[PDB]
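A short worksheet on the structure shown next.
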Amino acid sequence: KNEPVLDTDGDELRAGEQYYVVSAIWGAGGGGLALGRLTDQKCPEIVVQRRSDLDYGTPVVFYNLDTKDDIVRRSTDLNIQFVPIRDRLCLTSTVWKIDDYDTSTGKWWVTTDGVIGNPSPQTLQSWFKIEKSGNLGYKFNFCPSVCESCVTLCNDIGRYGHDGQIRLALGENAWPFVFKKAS
Amino acid sequence: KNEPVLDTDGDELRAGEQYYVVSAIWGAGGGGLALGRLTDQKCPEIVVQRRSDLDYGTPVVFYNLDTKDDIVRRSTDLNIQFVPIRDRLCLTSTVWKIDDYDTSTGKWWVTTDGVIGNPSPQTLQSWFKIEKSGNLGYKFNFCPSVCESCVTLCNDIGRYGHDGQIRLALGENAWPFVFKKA
Amino acid sequence: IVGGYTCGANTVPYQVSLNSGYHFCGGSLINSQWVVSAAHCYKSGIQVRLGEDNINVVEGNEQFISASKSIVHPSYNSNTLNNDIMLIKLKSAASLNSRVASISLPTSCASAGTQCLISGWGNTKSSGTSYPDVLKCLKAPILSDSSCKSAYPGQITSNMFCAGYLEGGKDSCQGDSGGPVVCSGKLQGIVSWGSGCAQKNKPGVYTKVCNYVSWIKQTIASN
Amino acid sequence: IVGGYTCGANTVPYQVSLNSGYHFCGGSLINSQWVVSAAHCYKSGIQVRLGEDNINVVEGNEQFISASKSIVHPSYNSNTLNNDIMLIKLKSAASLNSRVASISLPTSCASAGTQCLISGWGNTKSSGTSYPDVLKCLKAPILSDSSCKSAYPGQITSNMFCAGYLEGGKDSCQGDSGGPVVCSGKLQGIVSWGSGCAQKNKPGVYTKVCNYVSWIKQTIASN
């Protein structure tokens, strides 16, 4: 019963429908999110941000916790899946999930090879929330409630440089995004 | 002067006419050549091969070294240019060219942004030969003769994987093609 | 299939087809939930049809079942011809009947000169294009490794065999890709590639299924 | 540029386009061999295009010069968007003429209310996207620090200024990044960032060039 997330046309976001996730800040704020990879790791793919505000990235689909509601709502746990158009380079999934702690950077990265559905301790890392970010748009928040007895990180997601690219990770300063209906 | 290259109807190839370049080997041998893009570089476009033997890709036209001859002949330097029907997203040319050496793969790729005409050291990278490939069809060869005093690579063109796609590069094992009227 | 004959309904109950348009391929049902086809037919979201004979007419004996898994042979690359085999797991088990049955994997490889049955909805013309409404069938002998290697110098691996006729006239063709080559009741081949269709000195080339039985059984077992 | 006009033929001869086989950012010619743009526009291999008619079409009158060096401001930070300025040295000097000319650097900062000329090939639509083939121009006033900081709480630094209309309808947009903001013949701003295109209370944000004249002159002198 939370308020819906809205796309840039003011329409409520629909579970299962394709949206570009584009920085709410253009220019120096970059473009959209996309499937990427690291220099030293082909699979799984990582979540990266396009540098150019002309480039909206890879479309995503959102999957609700309750398969019955078709509206994506604020502050409710969701799965997020990139829907690439290109060939599938990897056998891992394109579903977002939080990585294990990266000792080389001090970051908890957003990566892929997540899982869709089965809300449980087994899938805890695959559940994200979308929340209002000022009047600019929305932010992603990782704070899953799908396992009331599980200890979990509970943090906004920001953007940070890594490996010559722009990635997403848990952090104190959220990066704001908007959702655009895919083509 | 040299024997003409023939299309799949047995007609001689003509400069200025559009042809699909299609793998002489269907099925696992794939289909036609097309304009493509790397995931991390928008321009220039690259030469890729379609996996489906029913997808003939993007037509090319050939430009002869001597513009007085409209017959495309074997073992003769020529320019190759994709003629897209779609909307050109890049400002670079669709003319084929051997790229600079790619340290990340060890390959000399066929890419675009080549140049038509002016046989010379300046355009050396834009000149390709069509040669007979067994009895299956034809192969592309990069070994230009337009600059006798230039050091040049000299190799057949094969097909190889890059970026989850099928590309063309210099190599030892050529890939055979046939030319279908577009 | 070029130079073949109309199979008739029910006569190839292990024949299936996958996807459509530029992605259309044949395959073979090897048990109630698994299909073998060519790796070069791989696509995300594969749709399998079973019990079809006339593919452009609602017949009433056909099942449309989506793939839940598609396992390409791990040594396969789209830029090479070798190891052209893939396994497809159906979302639900196929109902077996007169029109839908599995074909047995081989226990040994077939010898040259063996007569095999090749089937598909591929092109039926050696020059020009015409796709059939019903499944076509072809009886052709496995060729000697020397004939195969001499027709395609440098490209025949130990995981491939040729079948057909050096004279041309009878051959598989585009659209037959992925379909079965059956010899003495065993799935020995998978329509993999060729040059032209039914031309002199250019026979069909087929994935040698007997070299993959261990990988097939293990892959089905652990999936 | 949203809510602007097509620029007069020669009226913005200091506008350049940064190119990697396609236009991705604007810039400003400050001397025959140097271009000012945004740090976030950096990429290796930049070709700079000057004197452009249709940016979607190569033509005569245009000069294509490869960047020989691209010097991002050393304090440029992707999280704070601060210090969003970059200098590009041209491999060869450019030919000045009626369509190619430099723009003066400021000697003092401009005050709120000053009218300025903002130009670029960016999006022209407040809803959706439309990229023009011709250079678009917009006259807009610099906004007060308070109006800028209240529109973008906690995000406006001493190296940034807002320009445009809080009512919306007129603004810089995607594609204009790196472009010039000229007030009384001085390059006072570089298109740096914004949120949405020409929306109420979301004006464009520009790098405050007057803060960087010393770094610019010292950079040019040592390169």
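Sequence lines set the chain letters: A, B, ... in the order given, protein chains first and strands last, and positions in each chain run from 1.
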**Asked** Under the 6.0 Å and 45° cation-pi test, does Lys132(B) pair with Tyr138(B)?
**Response** no
**Request:** State whether the side chain of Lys42(B) and the backbone N or O of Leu89(B) hold a donor-acceptor pair below 3.5 Å, judged by distance alone.
**Result:** no
**Message:** Just to verify, which of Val60(B), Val110(B), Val21(B), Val47(B) counts as forming a side chain to side chain contact (heavy atoms under 4.5 Å, CB included) with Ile80(B)?
**Reply:** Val60(B)
**Message:** With side-chain hydrogen bond (donor to acceptor under 3.5 Å, both in side chains) as the criterion, how do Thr76(B) and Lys1(B) come out once you've worked through the C-alpha distance, each side chain's angles and the decisive distance to 0.1 Å?
**Reply:** CA-CA 10 Å; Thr76(B) 318; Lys1(B) 343 301 164 150; over 6 Å; no
**Where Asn201(C) and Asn135(B) come nearest, the two heavy atoms and their spacing** = CB-ND2, 4.0 Å
**Request:** Say whether, by atom type as modelled, one donor and one acceptor occur between the side chain of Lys208(C) and the main chain of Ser158(C) under 3.5 angstrom.
**Result:** yes
**Request:** Specify the closest pair of heavy atoms between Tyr19(B) and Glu12(B), including all atoms of both residues, with the distance to one decimal.
**Result:** OH-O, 3.9 Å
**Counterpart residues, side chain to side chain donor-acceptor pair (under 3.5 Å), relative to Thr80(C) (two or more places apart)** = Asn77(C)
**Request:** Taking the side chain as every heavy atom from C-beta outward, state whether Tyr20(B) and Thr58(B) have any atom pair closer than 4.5 Å.
**Result:** no
**Message:** Go through it in stages, so that I can follow the logic: the residues are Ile71(C) and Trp215(C), the test is side chain to side chain contact (heavy atoms under 4.5 Å, CB included), and I'd like the CA-CA distance, side-chain angles, deciding distance and then a yes or no.
**Reply:** CA-CA 11 Å; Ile71(C) 301 111; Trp215(C) 171 79; 3.9 Å; yes
**Request:** Decide, yes or no, whether a salt bridge links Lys181(B) with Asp9(B) under the criterion of side-chain N to carboxylate O below 4.0 Å.
**Result:** yes
**Fill in**
CH2 of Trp109(B) to CG of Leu170(B), rounded to nearest 0.5 Å, is 10.5 Å
**Request:** Output yes when a side-chain donor or acceptor of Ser177(C) lies under 3.5 Å from a complementary backbone atom of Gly175(C), and no otherwise.
**Result:** no
**N/O donor-acceptor pair under 3.5 Å between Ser66(D) side chain and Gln47(D) backbone** = no
**Message:** Can you pull out every disulfide bond (SG atoms under 2.5 Å apart) where at least one residue sits in residues 151-182 of chain B? Sequence neighbours excluded, please.
**Reply:** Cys143(B)-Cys154(B)
**Request:** Please step through side-chain hydrogen bond (donor to acceptor under 3.5 Å, both in side chains) for the pair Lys136(C) and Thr6(C), ending with a clear verdict.
**Result:** CA-CA 5 Å; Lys136(C) 304 298 190 157; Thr6(C) 296; 3.0 Å; yes
**Request:** Could you verify whether a donor N or O on one side chain and an acceptor N or O on the other, from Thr157(C) and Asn82(C), lie under 3.5 Å apart?
**Result:** yes
**Prompt:** Is the backbone of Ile71(B) close enough, under 3.5 Å, to the side chain of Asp69(B) for a donor and an acceptor to pair up by distance?
**Reply:** yes
**Item:** CD (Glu59(D)) with more than 12 external heavy atoms under 6.0 Å
**Value:** yes
**Request:** Would you check if there is a donor-acceptor pair between the side chains of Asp99(B) and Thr111(B) at a distance under 3.5 Å?
**Result:** no
**Atom pair CG/CG of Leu78(B) and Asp66(B) - distance to nearest 0.5 Å** = 12.5 Å
**Asked** Could you go step by step and tell me if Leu87(C) and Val36(C) meet the side chain to side chain contact (heavy atoms under 4.5 Å, CB included) rule?
**Response** CA-CA 5 Å; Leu87(C) 288 164; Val36(C) 188; 3.4 Å; yes
**Message:** Just to verify, what does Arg37(B) make a side chain to side chain donor-acceptor pair (under 3.5 Å) with, not counting sequence neighbours?
**Reply:** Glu45(B)
**Item:** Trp193(C)/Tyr206(C) aromatic ring centres below 6.0 Å
**Value:** no
**Prompt:** Can you name the closest pair of heavy atoms from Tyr5(C) and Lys139(C) and give their distance?
**Reply:** OH-NZ, 3.8 Å
**Message:** Between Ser52(B) and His23(C), do the side chains contain a donor N or O and an acceptor N or O under 3.5 Å apart?
**Reply:** no
**Item:** Distance-minimising heavy-atom pair for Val191(C) and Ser172(C)
**Value:** CG1-OG, 3.8 Å
**Request:** Please examine the side chains of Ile118(C) and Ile1(C), heavy atoms only from C-beta on, and report whether any two atoms are closer than 4.5 Å.
**Result:** yes
**Message:** Checking the side chain of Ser93(B) only, and the main-chain atoms of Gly114(B) only, is there a donor and an acceptor separated by less than 3.5 Å?
**Reply:** yes
**Request:** For the pair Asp7(B) and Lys180(B), evaluate salt bridge (charged side-chain N to carboxylate O under 4.0 Å, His left out) and give the outcome as yes or no after the intermediate values.
**Result:** CA-CA 6 Å; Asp7(B) 59 29; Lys180(B) 294 185 110 132; over 6 Å; no
**Item:** Short side-chain to backbone donor-acceptor contact, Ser23(B) and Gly29(B), under 3.5 Å
**Value:** yes
**Prompt:** Would a distance-only check, ignoring hydrogens and angles, find a side-chain to backbone donor-acceptor pair under 3.5 Å from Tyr152(C) to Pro203(C)?
**Reply:** yes
**Message:** Any donor-acceptor pair under 3.5 Å linking the side-chain atoms of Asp163(B) with those of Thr39(B)?
**Reply:** yes
**Request:** Give the ring-plane orientation class for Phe179(B) versus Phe62(B), where under 30° counts as parallel, over 60° as perpendicular and anything between as tilted.
**Result:** perpendicular
**Asked** Are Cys183(C) and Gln115(C) close enough, and set up right, to give a side chain to side chain contact (heavy atoms under 4.5 Å, CB included), and what steps lead you there?
**Response** CA-CA 6 Å; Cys183(C) 329; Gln115(C) 274 251 303; over 6 Å; no
**Contacts of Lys43(C) that satisfy salt bridge (charged side-chain N to carboxylate O under 4.0 Å, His left out) - sequence neighbours left out** = none
**Fill in**
To the nearest 0.5 Å, atom CG of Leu124(B) lies from atom CG of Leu153(B) at 9.0 Å
**Request:** Kindly say whether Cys173(C) contributes a backbone atom to a donor-acceptor pair with the side chain of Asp176(C) at under 3.5 angstrom?
**Result:** yes
**Request:** Could you tell me whether the side chains of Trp121(C) and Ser17(C) share a donor-acceptor contact shorter than 3.5 Å?
**Result:** no
**Prompt:** Would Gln49(B) and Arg51(B) count as having a side-chain donor-acceptor pair, cut-off 3.5 Å?
**Reply:** no
**Item:** Student check: side-chain heavy atoms of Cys197(C) and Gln174(C) closer than 4.5 Å
**Value:** yes
**Item:** Minimal non-hydrogen separation, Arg159(B) against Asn79(C), with atom names
**Value:** NE-O, 3.4 Å
**Prompt:** Taking atom types as modelled and ignoring hydrogens, do the side chains of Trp96(B) and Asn79(B) form a donor-acceptor contact shorter than 3.5 angstrom?
**Reply:** no
**Complete:** Distance col, row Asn19(D):CG vs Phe64(D):CZ, nearest 0.5 angstrom, shows 7.0 Å
**side chain to side chain donor-acceptor pair (under 3.5 Å) partners of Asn141(B), counting only residues at least two apart** = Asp156(B)
**Item:** Charged N-O contact under 4.0 Å between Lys97(B) and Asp113(B)
**Value:** no
**Request:** Locate the shortest heavy-atom distance separating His40(C) from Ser192(C); write the atom from each residue and the value.
**Result:** CE1-O, 3.3 Å
**Message:** Just to verify, what does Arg86(A) make a side chain to side chain donor-acceptor pair (under 3.5 Å) with, not counting sequence neighbours?
**Reply:** none
**Message:** Does the plane of the ring in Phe140(B) sit parallel, tilted or perpendicular to the ring in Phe177(B)? Use 30° and 60° as the thresholds.
**Reply:** tilted
**Message:** Whether the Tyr212(C) and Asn83(C) side chains hold a donor-acceptor pair (N or O, under 3.5 Å, no angle test) is what I'd like checked.
**Reply:** yes
**Asked** Any side-chain donor-acceptor pair under 3.5 Å between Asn159(C) and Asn211(C)?
**Response** yes
**Test item: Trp127(B) side-chain N/O and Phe142(B) main-chain N/O as donor-acceptor pair under 3.5 Å** = no
